[PDB]
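Each remark here refers to the structure printed beneath this line.
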Amino acid sequence: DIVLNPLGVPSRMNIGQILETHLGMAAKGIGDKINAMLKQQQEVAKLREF
Amino acid sequence: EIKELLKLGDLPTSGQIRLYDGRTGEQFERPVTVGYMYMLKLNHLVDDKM
Amino acid sequence: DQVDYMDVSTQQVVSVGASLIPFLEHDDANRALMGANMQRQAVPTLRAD
Amino acid sequence: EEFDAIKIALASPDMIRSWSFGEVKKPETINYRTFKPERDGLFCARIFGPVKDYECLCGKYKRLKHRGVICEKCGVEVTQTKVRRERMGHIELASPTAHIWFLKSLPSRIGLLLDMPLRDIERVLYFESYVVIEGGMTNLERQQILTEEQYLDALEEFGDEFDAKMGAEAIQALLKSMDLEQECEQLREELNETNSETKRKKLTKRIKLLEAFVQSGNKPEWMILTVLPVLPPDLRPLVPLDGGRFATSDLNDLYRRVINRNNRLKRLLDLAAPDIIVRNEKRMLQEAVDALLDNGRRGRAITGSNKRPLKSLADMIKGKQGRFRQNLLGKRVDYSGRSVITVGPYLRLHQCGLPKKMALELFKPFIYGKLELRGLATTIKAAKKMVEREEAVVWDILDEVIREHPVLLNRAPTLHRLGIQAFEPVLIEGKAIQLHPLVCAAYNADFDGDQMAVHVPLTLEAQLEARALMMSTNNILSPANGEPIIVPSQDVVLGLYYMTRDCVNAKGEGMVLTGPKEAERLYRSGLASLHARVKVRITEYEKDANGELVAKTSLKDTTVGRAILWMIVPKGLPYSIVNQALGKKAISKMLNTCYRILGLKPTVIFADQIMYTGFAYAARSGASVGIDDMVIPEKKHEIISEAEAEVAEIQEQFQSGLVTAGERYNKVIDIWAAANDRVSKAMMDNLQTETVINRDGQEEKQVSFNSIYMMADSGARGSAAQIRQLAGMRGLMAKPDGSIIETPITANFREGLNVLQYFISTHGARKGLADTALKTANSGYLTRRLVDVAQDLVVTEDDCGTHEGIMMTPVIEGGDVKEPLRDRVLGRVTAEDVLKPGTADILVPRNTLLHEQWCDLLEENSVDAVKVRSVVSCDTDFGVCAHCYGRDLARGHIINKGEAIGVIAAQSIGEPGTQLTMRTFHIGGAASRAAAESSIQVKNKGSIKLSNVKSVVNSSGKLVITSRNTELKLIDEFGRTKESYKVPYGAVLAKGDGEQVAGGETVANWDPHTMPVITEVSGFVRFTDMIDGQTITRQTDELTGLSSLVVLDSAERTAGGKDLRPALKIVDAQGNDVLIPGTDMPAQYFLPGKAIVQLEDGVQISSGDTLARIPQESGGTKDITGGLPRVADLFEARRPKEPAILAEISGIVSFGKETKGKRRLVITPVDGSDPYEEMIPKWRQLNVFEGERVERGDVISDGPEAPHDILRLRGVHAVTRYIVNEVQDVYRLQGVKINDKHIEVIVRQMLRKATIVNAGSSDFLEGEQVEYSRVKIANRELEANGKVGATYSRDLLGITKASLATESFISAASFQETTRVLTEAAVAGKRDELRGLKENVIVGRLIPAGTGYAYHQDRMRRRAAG
Amino acid sequence: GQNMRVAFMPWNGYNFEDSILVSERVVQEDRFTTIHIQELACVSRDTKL
């Protein structure tokens, strides 16, 4: 959806948005897994355990 | 811990995945750092600034 | 025996408007200042998420 | 209507009355019922005309036909409303008033003309004491002050002859009764008798003021004020605000107060008020006049409406928010707009993208015009509604309105010339203006959400001059240097560099291709990468000797990306330049070569093609950054452990009591610096290769492909500090106030930081931020000053015919050559060709433009120094010529007539400082450390070649330089000067002259703690006038007999040893005298004050040291944020704290009487019989002991040198070159390439004033400051007529003094200090016939420069014809 | 603000100098959409006539 500019990022002596992007990718993967497990009605106990 | 959380959500531990261009469909040489972020915006309205 | 007092946490120095950054120690002081300004001058959206 | 000049003089009362058309008596403004002005009010309709458009007061005189009919009821002349704009009133005062700003303004010209201090005239005007106007009796005379009691005591005795009044009346009577001619004759007779410096200068200034007042035709009675003018009603408006309330003006209130006080004074005088009340009312009227003219500067300001005092005309003229720099220089302009930037090329180089609305609101007049042209609309009023409806035909016509139409873009602030460019717009969607990608370095505006200004030229003249002059295709170079201003960002361009790189031998390598198109097809089809080592059949074209092309086809070992880049390069550049890696400097050199070889037309196409190719291939590449990219070496933990172990060892040694505080601090600093260096080296060694991959069996070592290392090698921004802060150790931080912090940061931004290190780096980051934010204003002030100084430069003639110049030898800073001769004399006109034997005595023509071929010829011939025509050494009057400036840095060719020289140079000097302070500090900020102590090391291999040396072989068989000023040069086989060092007096060298030296050899031994006296022949020391207790003393030491005798100064000598000067007589073993070889004076060295003798009588003394260290360090600070005061004081001609006193006249120099320890330096020349004595303080250190045969301008004392004495003693060219080098070294330390011509322009503009001490024929006396052009014209006339000439003395002045000394008082007042300049122009009565550019800017006429050069020469030839 | 996908990669000039390139789904889903309220006051004042 959004494309940033990697030119001024490494020059401003700050990692920042890189770690934020990695953590957001982790959260989005967790959310996609939760959504995929919720689209089915296998077992609520499995959802609780996950 | 970030790599562990990425591995939990069934994601690569490197946090850098290659993409496909929406114009030609060619694969890039080096992978791309993608993920979810939280963007904000000031007032800065072009309707008022212009 | 040379320790007198201990701080409560690490967020006691930086205020909320500048500590809301998820990764503060990975940014420069000027970068963190500009980010705190852009965050305190933000604008709400239609559907808050 | 066209005025020729602008005259300023004193106004006459009758003339002020004639200016007005009625007298204002009542202070009534309006009525609370009707808004009609009173018939005797401030803005009455009878005095200043009608209020409405051709309408009387009572509304009876309708039918506008009635013009100039005075009514019988209201009495209003039916005219237009603009009549009130160009008319003023007057007020009839009862008692005269003294003009406040005529005596309060320095240097109190009233007190100078009256020969009376300011306190006396203040006590007289404020009715504190009485003054005698003219005394007929022999008791008192003119200018005698008497108090209240003294006046009563003197009035009861005599009568009918003691003339005395109160304040203004007395001063007016004195000015009326005085005679100017008699006083001038008396002053001229008194100046011939006495020559006391202070009194002579005072009387000279008084005579100058009197002569100016006489030649101006002004009257002394005009100094008082009896009828003051009234401000026009339109300048002081009174209109109701939108909130149902009224908005008054402070000037209206001031005029009302003045009128009320005048009415009260009249009522008091008509009713015979007492003396005290009359004095109080007159004092109040004087205070009111003061507040109306200059509100509250000598006392307390008048309290305003709520809390703040009113502003008067003096505040409207002098203040920063005044009219000058807000409505004359720059102000609001019609047909303008402000918009937001956009990030996308979407066009070509000379085109920009604009939204439909900009022309929606600005091109509507053209829309209506071309609507009436074709007739698609009925009338203009209907066309306006049709445009407001936004029809399709409206946009169809606007598309033709915008077809080939110029438009000016602006970024605030506009520092350099590239800040104002012209383009052509194209209608797009989205209401943000797009900006060209390559003009980001021209406007110095990053794409962070800035605002751009859009302006539209209307006249065909302005449209054509914007299309031709200020086009991005025509203006491609920077005005600072001949290098292309396109020094780009864009990791896109980094990816271009990556295309120009190599990689592993993976699938795709091992073929041969026929041309770049085959490689392009192979890379686009998706078969291999752009790193395959593939031989390409490159057909390269080279220019011929006449201008043709030479075709040659051969195989070249290269890659696919380099072949594509060569394909992008047109058929006008060689292949040997692209055969290497293309970084920042590489593409900069490529663009410079394409400009200097091909021209200007194909360069734009090449730039567009290469930028489109870069964008496309970067979008196809897909680079990124990640945590896994930046690796951390495992040796960092070991280095930290070693550092903390060494710190613990230092602490253990400090606890034992063996290391002090400073030594421990320095050792800790050095250890942490070494640790940081080792960490950086390990980081580089770990990040450089990263190429452990088998390459067809055996491995291969190459560079890595990490995003950070690639971005650093390509040079997006360029910094290793960011690299070591992100991957390794951040470095050392400094305390906010005192010193550098002892404990540095060990972690980095990859592993995270704690609160302590973050808080300790934040106070330095914000410190640097505040520093650059506060210096961004000092830089702007410096640019303002530099523009104000150099503003009257015009190119009138091609050449002036001057053979004198300056031999510009390449100044080699230290060992490495910083600026060679090629980069120094590029674009200069040479004169007085020096014949230097090179290869076969190559001759150089005279007055020829130095091209790249001439530069190559000079490099092959290895010319030492070349003499050119400098700006200071010019001869053309009223500015400079084209041959003394050289090649223009804008067009690339020789500059023609019309183009300015001063403003461009000022902008080019002012822009790099601001650009650096805004760019470097906003990205990163920290603190560094610099070294102080140096060592002895010679790396270059050459031969010793001394210059101006008088050395002699000593007893040890070595060559010791026996001269003061001697620079050790290093000559090579090619015959050029490489190294140059300052050799102190008495330095023991290693070799002689002509012998070959090696690398790393001690050539001299300039020990700061040991400066021995050079002794030629050994001899027994004889004590002459050296008695213990009288002049010297005895001090018992701890050694085995090596005592120390301290020669006491005259402050502790006895009464008998006053004139007894101690010396050291050198005799033989028997007692005979020894003469100095070469002269007749015997060997006798006089020991200076505080002389230390090591050995007593009986043993010969050797290597005497009677000096100290006294280490004093000069400037040369860090980045421009901390160095701006240096260049500021350099351009202001500042005097140093320790001025180096130079020798005035060459000859025998000796001493004299010394009172209180102050040294006296008497100069006794061998030709001049009159001695010259100089006062030297006691604490000043001298180099020579008695005196040598020094020359004019010899370094006597140590420390910095003052530029004022150098110009007077050594010469103008020497001080000019010194100032140029001193200013250029600051930019050399910061890495800024600025040519010396911009500095020489300002130097010449600062040397436009000189004094004349002679007996001439024209109006030139001793001690007058005349413009350099005027004295040049006078010398020309004297040489053409054959009369006796006059010798001038050039003096150096700062920015403020040279600006105030300009003949153009308009620009000097608009810049700063407006009121004093106006008073000087009114008193002296100058004549300004539109000389400066600021005058033409204010009056809105054609500039006498550039395109207006034709109009300027036409008006000049018309004035000369009649 | 709002949570959206972000990728660090160059382009054809839409990420020239620290800019932001967005997609169409951001506008289609009403993301980053605000509501402005401009005041307009009409006052009635009687004149002297």
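Just so we're on the same page: first chain in the structure tokens is A, next is B, and so on; residues restart at 1 for each chain, and ligands are numbered from 1 in the order they show up.
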
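Residues lying within 6 Å of range 3-12 of chain E, counting only C-alpha atoms and ignoring same-chain neighbours fewer than 3 positions away, are residues 1, 2, 3, 4 and 6 of chain A; 33, 34, 35, 36, 37 and 38 of chain B; 615, 616, 619, 622, 623 and 624 of chain D.
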
Output for the residues just chosen: N, CA, C and O atoms as an mmCIF file, in the first residue's frame:
data_model
loop_
_atom_site.group_PDB
_atom_site.id
_atom_site.type_symbol
_atom_site.label_atom_id
_atom_site.label_comp_id
_atom_site.auth_asym_id
_atom_site.auth_seq_id
_atom_site.Cartn_x
_atom_site.Cartn_y
_atom_site.Cartn_z
ATOM 1 N N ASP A 1 0.810 -1.213 0.000
ATOM 2 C CA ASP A 1 0.000 0.000 0.000
ATOM 3 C C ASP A 1 0.846 1.267 0.000
ATOM 4 O O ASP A 1 0.597 2.179 -0.794
ATOM 5 N N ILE A 2 1.845 1.344 0.877
ATOM 6 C CA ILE A 2 2.700 2.517 0.996
ATOM 7 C C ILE A 2 4.134 2.115 0.686
ATOM 8 O O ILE A 2 4.616 1.062 1.120
ATOM 9 N N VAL A 3 4.819 2.962 -0.081
ATOM 10 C CA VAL A 3 6.220 2.755 -0.432
ATOM 11 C C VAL A 3 7.010 3.956 0.070
ATOM 12 O O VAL A 3 6.761 5.088 -0.358
ATOM 13 N N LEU A 4 7.959 3.715 0.970
ATOM 14 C CA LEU A 4 8.761 4.781 1.547
ATOM 15 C C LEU A 4 10.056 4.959 0.756
ATOM 16 O O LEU A 4 10.322 4.253 -0.222
ATOM 17 N N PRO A 6 14.115 4.837 0.899
ATOM 18 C CA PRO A 6 15.231 4.348 1.718
ATOM 19 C C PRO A 6 16.489 5.194 1.581
ATOM 20 O O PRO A 6 17.577 4.759 1.969
ATOM 21 N N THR B 33 11.992 -4.840 2.646
ATOM 22 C CA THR B 33 11.530 -4.767 4.029
ATOM 23 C C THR B 33 10.115 -4.200 4.031
ATOM 24 O O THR B 33 9.917 -3.003 3.794
ATOM 25 N N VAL B 34 9.132 -5.064 4.292
ATOM 26 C CA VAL B 34 7.725 -4.692 4.277
ATOM 27 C C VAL B 34 7.117 -5.025 5.634
ATOM 28 O O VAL B 34 7.600 -5.892 6.364
ATOM 29 N N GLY B 35 6.050 -4.311 5.970
ATOM 30 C CA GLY B 35 5.333 -4.589 7.202
ATOM 31 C C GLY B 35 4.370 -3.473 7.530
ATOM 32 O O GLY B 35 4.339 -2.429 6.880
ATOM 33 N N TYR B 36 3.576 -3.711 8.569
ATOM 34 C CA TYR B 36 2.591 -2.726 8.985
ATOM 35 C C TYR B 36 3.228 -1.649 9.856
ATOM 36 O O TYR B 36 4.090 -1.922 10.695
ATOM 37 N N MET B 37 2.787 -0.410 9.643
ATOM 38 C CA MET B 37 3.238 0.727 10.430
ATOM 39 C C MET B 37 2.023 1.590 10.738
ATOM 40 O O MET B 37 0.940 1.393 10.181
ATOM 41 N N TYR B 38 2.203 2.545 11.645
ATOM 42 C CA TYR B 38 1.132 3.443 12.071
ATOM 43 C C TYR B 38 1.506 4.859 11.644
ATOM 44 O O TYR B 38 2.380 5.487 12.250
ATOM 45 N N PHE D 615 16.015 6.281 -12.637
ATOM 46 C CA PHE D 615 14.734 6.022 -11.989
ATOM 47 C C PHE D 615 14.186 4.653 -12.373
ATOM 48 O O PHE D 615 13.749 3.885 -11.504
ATOM 49 N N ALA D 616 14.214 4.323 -13.668
ATOM 50 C CA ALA D 616 13.672 3.045 -14.120
ATOM 51 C C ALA D 616 14.443 1.874 -13.524
ATOM 52 O O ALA D 616 13.849 0.935 -12.979
ATOM 53 N N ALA D 619 13.793 1.506 -9.790
ATOM 54 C CA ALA D 619 12.500 0.879 -9.545
ATOM 55 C C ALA D 619 12.550 -0.610 -9.855
ATOM 56 O O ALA D 619 11.858 -1.411 -9.214
ATOM 57 N N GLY D 622 15.089 -2.583 -6.580
ATOM 58 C CA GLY D 622 14.388 -2.934 -5.360
ATOM 59 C C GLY D 622 15.284 -3.114 -4.152
ATOM 60 O O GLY D 622 15.278 -4.176 -3.522
ATOM 61 N N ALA D 623 16.060 -2.087 -3.816
ATOM 62 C CA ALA D 623 16.917 -2.152 -2.643
ATOM 63 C C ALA D 623 16.095 -1.975 -1.368
ATOM 64 O O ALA D 623 14.955 -1.505 -1.391
ATOM 65 N N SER D 624 16.694 -2.360 -0.241
ATOM 66 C CA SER D 624 16.024 -2.260 1.050
ATOM 67 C C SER D 624 17.025 -2.289 2.198
ATOM 68 O O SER D 624 18.210 -2.569 1.991
#

Test item: chain A residues at most 10 Å from chain B, counting only C-alpha atoms, as a ChimeraX atom specification
/A:1-4,17-34

Could you save those same residues with N, CA and C atoms as a CSV table (one decimal), in the first residue's frame?
chain,number,residue,atom,x,y,z
A,1,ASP,N,0.8,-1.2,0.0
A,1,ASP,CA,0.0,0.0,0.0
A,1,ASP,C,0.8,1.3,0.0
A,2,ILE,N,1.8,1.3,0.9
A,2,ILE,CA,2.7,2.5,1.0
A,2,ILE,C,4.1,2.1,0.7
A,3,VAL,N,4.8,3.0,-0.1
A,3,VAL,CA,6.2,2.8,-0.4
A,3,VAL,C,7.0,4.0,0.1
A,4,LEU,N,8.0,3.7,1.0
A,4,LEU,CA,8.8,4.8,1.5
A,4,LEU,C,10.1,5.0,0.8
A,17,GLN,N,11.9,3.1,12.4
A,17,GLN,CA,10.9,2.6,11.5
A,17,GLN,C,11.2,1.2,11.0
A,18,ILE,N,12.5,0.8,11.0
A,18,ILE,CA,12.8,-0.6,10.6
A,18,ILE,C,12.3,-1.6,11.6
A,19,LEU,N,12.7,-1.3,12.9
A,19,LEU,CA,12.2,-2.2,13.9
A,19,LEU,C,10.7,-2.2,14.1
A,20,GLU,N,10.1,-1.0,13.9
A,20,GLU,CA,8.6,-0.8,13.9
A,20,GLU,C,8.0,-1.6,12.8
A,21,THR,N,8.6,-1.6,11.6
A,21,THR,CA,8.1,-2.4,10.5
A,21,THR,C,8.2,-3.9,10.7
A,22,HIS,N,9.3,-4.3,11.3
A,22,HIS,CA,9.4,-5.8,11.6
A,22,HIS,C,8.4,-6.2,12.6
A,23,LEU,N,8.2,-5.4,13.7
A,23,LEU,CA,7.2,-5.8,14.7
A,23,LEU,C,5.8,-5.7,14.1
A,24,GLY,N,5.5,-4.8,13.3
A,24,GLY,CA,4.2,-4.7,12.6
A,24,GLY,C,4.0,-5.9,11.7
A,25,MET,N,5.1,-6.4,11.0
A,25,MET,CA,4.9,-7.6,10.2
A,25,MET,C,4.6,-8.8,11.1
A,26,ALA,N,5.3,-8.9,12.2
A,26,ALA,CA,5.0,-10.0,13.2
A,26,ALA,C,3.6,-9.9,13.6
A,27,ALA,N,3.1,-8.8,14.0
A,27,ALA,CA,1.7,-8.6,14.5
A,27,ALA,C,0.7,-8.9,13.4
A,28,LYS,N,1.0,-8.5,12.1
A,28,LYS,CA,0.1,-8.8,11.0
A,28,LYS,C,0.1,-10.3,10.7
A,29,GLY,N,1.3,-11.0,10.8
A,29,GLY,CA,1.3,-12.4,10.6
A,29,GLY,C,0.4,-13.1,11.7
A,30,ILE,N,0.6,-12.7,13.0
A,30,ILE,CA,-0.2,-13.3,14.0
A,30,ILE,C,-1.7,-13.0,13.8
A,31,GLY,N,-2.1,-11.8,13.4
A,31,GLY,CA,-3.4,-11.5,13.1
A,31,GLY,C,-4.0,-12.3,11.9
A,32,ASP,N,-3.2,-12.5,10.8
A,32,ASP,CA,-3.6,-13.3,9.7
A,32,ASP,C,-3.8,-14.8,10.1
A,33,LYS,N,-2.9,-15.3,11.0
A,33,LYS,CA,-3.1,-16.7,11.5
A,33,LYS,C,-4.4,-16.8,12.3
A,34,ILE,N,-4.7,-15.8,13.2
A,34,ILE,CA,-5.9,-15.8,14.0
A,34,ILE,C,-7.1,-15.7,13.1

To test your reading of the structure, identify every residue in chain B that backbone DSSP assigns to helix (DSSP H, G or I), and report it as a PyMOL selection string.
chain B and resi 2-8+46-49

Might you pull out every residue within 9 Å of residue 476 in chain D, with only C-alpha atoms counted and same-chain residues fewer than 4 positions away left off, and present them as a PyMOL selection string?
chain D and resi 418+442+471-472+484-486+600+604+890-891

Using C-alpha atoms, can you write the selected residues to a file as a PDB file, in the first residue's frame?
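What follows is the written file again37.pdb:
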ATOM      1  CA  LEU D 418      19.395  29.460  -8.599  1.00  0.00           C
ATOM      2  CA  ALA D 442      19.593  24.481  -6.882  1.00  0.00           C
ATOM      3  CA  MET D 471      16.007  29.042 -17.677  1.00  0.00           C
ATOM      4  CA  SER D 472      17.110  25.800 -16.041  1.00  0.00           C
ATOM      5  CA  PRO D 484      27.914  21.702 -12.037  1.00  0.00           C
ATOM      6  CA  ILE D 485      25.478  22.434  -9.215  1.00  0.00           C
ATOM      7  CA  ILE D 486      23.898  18.982  -9.624  1.00  0.00           C
ATOM      8  CA  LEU D 600      24.926  23.382 -23.267  1.00  0.00           C
ATOM      9  CA  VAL D 604      20.107  18.807 -20.789  1.00  0.00           C
ATOM     10  CA  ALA D 890      27.378  31.132 -15.290  1.00  0.00           C
ATOM     11  CA  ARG D 891      27.484  30.955 -19.100  1.00  0.00           C
TER      12      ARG D 891
END

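Within 8 Å of chain E, counting only C-alpha atoms, chain D contributes residues 34, 343, 344, 345, 437, 446, 447, 448, 489, 490, 491, 492, 612, 615, 616, 618, 619, 620, 621, 622, 623, 624 and 625 of chain D.
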
Hey, can you spit out that residue selection with N, CA and C atoms as an mmCIF file, in the first residue's frame?
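again_25.cif written:
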data_model
loop_
_atom_site.group_PDB
_atom_site.id
_atom_site.type_symbol
_atom_site.label_atom_id
_atom_site.label_comp_id
_atom_site.auth_asym_id
_atom_site.auth_seq_id
_atom_site.Cartn_x
_atom_site.Cartn_y
_atom_site.Cartn_z
ATOM 1 N N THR D 34 -22.404 62.306 12.658
ATOM 2 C CA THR D 34 -22.020 62.223 11.257
ATOM 3 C C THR D 34 -20.504 62.137 11.142
ATOM 4 N N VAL D 343 6.262 15.424 -5.344
ATOM 5 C CA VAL D 343 7.411 14.544 -5.554
ATOM 6 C C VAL D 343 7.101 13.681 -6.772
ATOM 7 N N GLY D 344 7.525 14.147 -7.942
ATOM 8 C CA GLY D 344 7.414 13.385 -9.162
ATOM 9 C C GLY D 344 7.834 14.212 -10.357
ATOM 10 N N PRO D 345 8.728 13.667 -11.186
ATOM 11 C CA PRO D 345 9.187 14.417 -12.363
ATOM 12 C C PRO D 345 8.050 14.745 -13.318
ATOM 13 N N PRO D 437 13.145 17.317 -10.306
ATOM 14 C CA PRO D 437 14.023 16.562 -9.396
ATOM 15 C C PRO D 437 15.433 17.120 -9.302
ATOM 16 N N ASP D 446 14.665 20.345 0.204
ATOM 17 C CA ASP D 446 14.344 18.927 0.224
ATOM 18 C C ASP D 446 12.831 18.725 0.187
ATOM 19 N N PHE D 447 12.425 17.529 -0.229
ATOM 20 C CA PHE D 447 11.007 17.196 -0.356
ATOM 21 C C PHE D 447 10.469 16.694 0.982
ATOM 22 N N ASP D 448 10.370 17.628 1.928
ATOM 23 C CA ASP D 448 9.857 17.346 3.262
ATOM 24 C C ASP D 448 8.568 18.113 3.549
ATOM 25 N N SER D 489 21.524 13.579 -4.386
ATOM 26 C CA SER D 489 21.032 12.559 -3.466
ATOM 27 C C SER D 489 20.615 11.345 -4.288
ATOM 28 N N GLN D 490 19.591 10.619 -3.824
ATOM 29 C CA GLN D 490 19.012 9.509 -4.582
ATOM 30 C C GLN D 490 19.830 8.224 -4.603
ATOM 31 N N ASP D 491 19.671 7.442 -3.534
ATOM 32 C CA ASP D 491 19.981 6.018 -3.603
ATOM 33 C C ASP D 491 19.525 5.386 -4.919
ATOM 34 N N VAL D 492 18.580 6.001 -5.634
ATOM 35 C CA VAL D 492 18.416 5.721 -7.062
ATOM 36 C C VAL D 492 19.754 5.845 -7.793
ATOM 37 N N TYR D 612 16.131 9.502 -16.162
ATOM 38 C CA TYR D 612 15.049 8.558 -16.427
ATOM 39 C C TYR D 612 15.548 7.120 -16.354
ATOM 40 N N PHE D 615 16.015 6.281 -12.637
ATOM 41 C CA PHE D 615 14.734 6.022 -11.989
ATOM 42 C C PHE D 615 14.186 4.653 -12.373
ATOM 43 N N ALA D 616 14.214 4.323 -13.668
ATOM 44 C CA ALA D 616 13.672 3.045 -14.120
ATOM 45 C C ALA D 616 14.443 1.874 -13.524
ATOM 46 N N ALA D 618 16.330 1.809 -10.904
ATOM 47 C CA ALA D 618 16.201 1.742 -9.453
ATOM 48 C C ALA D 618 14.853 1.160 -9.054
ATOM 49 N N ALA D 619 13.793 1.506 -9.790
ATOM 50 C CA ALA D 619 12.500 0.879 -9.545
ATOM 51 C C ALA D 619 12.550 -0.610 -9.855
ATOM 52 N N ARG D 620 13.365 -1.002 -10.837
ATOM 53 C CA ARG D 620 13.499 -2.417 -11.167
ATOM 54 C C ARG D 620 14.459 -3.143 -10.231
ATOM 55 N N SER D 621 15.333 -2.411 -9.536
ATOM 56 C CA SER D 621 16.301 -3.046 -8.646
ATOM 57 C C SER D 621 15.643 -3.515 -7.353
ATOM 58 N N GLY D 622 15.089 -2.583 -6.580
ATOM 59 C CA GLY D 622 14.388 -2.934 -5.360
ATOM 60 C C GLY D 622 15.284 -3.114 -4.152
ATOM 61 N N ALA D 623 16.060 -2.087 -3.816
ATOM 62 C CA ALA D 623 16.917 -2.152 -2.643
ATOM 63 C C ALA D 623 16.095 -1.975 -1.368
ATOM 64 N N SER D 624 16.694 -2.360 -0.241
ATOM 65 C CA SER D 624 16.024 -2.260 1.050
ATOM 66 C C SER D 624 17.025 -2.289 2.198
ATOM 67 N N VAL D 625 16.556 -2.001 3.412
ATOM 68 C CA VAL D 625 17.413 -1.978 4.592
ATOM 69 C C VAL D 625 16.777 -2.868 5.649
#

Enumerate as a VMD selection string the residues belonging to chain E that approach chain C to within 6 Å, with only C-alpha atoms taken into account.
chain E and resid 1 32 to 34

Create the file for the chosen residues now, containing C-alpha atoms and written as a PDB file, in the first residue's frame.
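Result saved to out29.pdb:
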ATOM      1  CA  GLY E   1      -3.475   7.991  12.748  1.00  0.00           C
ATOM      2  CA  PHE E  32      -7.032   8.916   6.319  1.00  0.00           C
ATOM      3  CA  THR E  33     -10.295  10.830   5.915  1.00  0.00           C
ATOM      4  CA  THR E  34     -11.109  13.778   8.171  1.00  0.00           C
TER       5      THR E  34
END

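Separating CA of residue 836 in chain D from CA of residue 808 in chain D is a distance of 14.5 Å.
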
Contact residues around range 32-38 of chain C with only C-alpha atoms at 7 Å, ignoring same-chain residues under 5 positions, as a ChimeraX atom specification
/B:42 /C:17-18,24,27

Could you take the residues named above and write them with N, CA, C and O atoms, as a PDB file, in the first residue's frame?
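Saved result, part_32.pdb, follows:
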ATOM      1  N   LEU B  42      -0.296  15.778   9.944  1.00  0.00           N
ATOM      2  CA  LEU B  42      -0.624  17.062  10.551  1.00  0.00           C
ATOM      3  C   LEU B  42      -1.809  17.677   9.819  1.00  0.00           C
ATOM      4  O   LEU B  42      -2.394  17.035   8.939  1.00  0.00           O
TER       5      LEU B  42
ATOM      6  N   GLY C  17       4.170  12.553  25.308  1.00  0.00           N
ATOM      7  CA  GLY C  17       4.183  13.013  23.928  1.00  0.00           C
ATOM      8  C   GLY C  17       5.442  12.660  23.166  1.00  0.00           C
ATOM      9  O   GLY C  17       5.428  12.661  21.930  1.00  0.00           O
ATOM     10  N   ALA C  18       6.534  12.357  23.871  1.00  0.00           N
ATOM     11  CA  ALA C  18       7.768  11.927  23.235  1.00  0.00           C
ATOM     12  C   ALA C  18       8.140  10.484  23.537  1.00  0.00           C
ATOM     13  O   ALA C  18       9.003   9.932  22.847  1.00  0.00           O
ATOM     14  N   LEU C  24      12.322   4.219  21.122  1.00  0.00           N
ATOM     15  CA  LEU C  24      12.914   5.527  21.375  1.00  0.00           C
ATOM     16  C   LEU C  24      14.436   5.484  21.423  1.00  0.00           C
ATOM     17  O   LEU C  24      15.083   6.412  20.927  1.00  0.00           O
ATOM     18  N   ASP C  27      16.599   5.878  18.048  1.00  0.00           N
ATOM     19  CA  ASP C  27      16.445   7.101  17.278  1.00  0.00           C
ATOM     20  C   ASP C  27      17.331   8.198  17.849  1.00  0.00           C
ATOM     21  O   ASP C  27      17.712   8.165  19.024  1.00  0.00           O
TER      22      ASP C  27
END

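Straight-line separation from CA of residue 524 in chain D to CA of residue 584 in chain D: 26.4 Å.
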
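Interface residues of chain B facing chain C, defined by any atom at most 8 Å away and using only C-alpha atoms, are residues 40, 41, 42 and 43 of chain B.
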
Using only C-alpha atoms, I'd like every residue of chain A that has an atom within 7 Å of chain C; please write them out as a PyMOL selection string.
chain A and resi 13-16
